[PDB]
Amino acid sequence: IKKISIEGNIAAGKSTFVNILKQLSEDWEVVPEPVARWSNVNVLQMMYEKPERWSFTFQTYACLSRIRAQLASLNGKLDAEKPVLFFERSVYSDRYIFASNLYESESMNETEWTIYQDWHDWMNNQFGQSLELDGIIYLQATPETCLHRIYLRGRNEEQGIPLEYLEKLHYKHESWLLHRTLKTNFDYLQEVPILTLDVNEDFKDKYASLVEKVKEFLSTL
């Protein structure tokens, strides 16, 4: 099973795009972010209201529900010829973008962070080899595109998110995936291929061509 992680900032349109991709082939399946599991255990609203209190509790639940659902979809599903499983984001995104960001903003203290890294390290050392990515698709949209789209989706918990939060997360994604300067202690990720895609335009325009590029990206793998 070839595993692809779909990465991008909030409301760039990763659920939109991946849902579109699933249909191209029967050999293609998707692992969504468990946002409904998060809305009703509402830990998402809690952390966004009180980031200094609920940040670590969120990252734990977040990453845990992601590991669970990524593993459930390999342990079952697909006799498929050349199967691909696309992940809405990854364990690497949780830790080196969001959790790292919250730390950098002081919504996690040194203790919380250290515990979070030690849990991430262990949690991932049990599997890791099992959920290792073969490729990344970085959906690239500006902070402002992403602020507009948050308003379009209309989710109640995210309406307060300031642009400056999004710029931050945007800088982390560019550093990790475009400049490739961010260091994870998973050194295979340095030899993982990355398809960057501009998705700033309205999907009425340019969009469908992107999907043709993806069929391509997954020929070389």
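Start at 1 with the first residue shown and count on from there.
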query: Chain break class for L78 to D79, judged by how many deposited residues have no coordinates; finding: 1 to 3
query: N42 preceded by how many uncoordinated deposited residues after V41; finding: 10 or more
query: 131-139 or 69-77, whichever carries the higher mean Cα B-factor; finding: 69-77
query: Greater mean Cα temperature factor according to the PDB record, 212-220 or 3-11; finding: 212-220
query: Top residue by Cα temperature factor, when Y61, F186, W54, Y165 are compared in the entry; finding: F186
query: Which of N124, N109, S100, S93 ranks first by CA B-factor in the deposited coordinates; finding: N124
query: Chain-relative CA temperature factor third for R180; finding: highest
query: Entry-reported Cα temperature factor of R155, expressed as the chain third it lands in; finding: highest
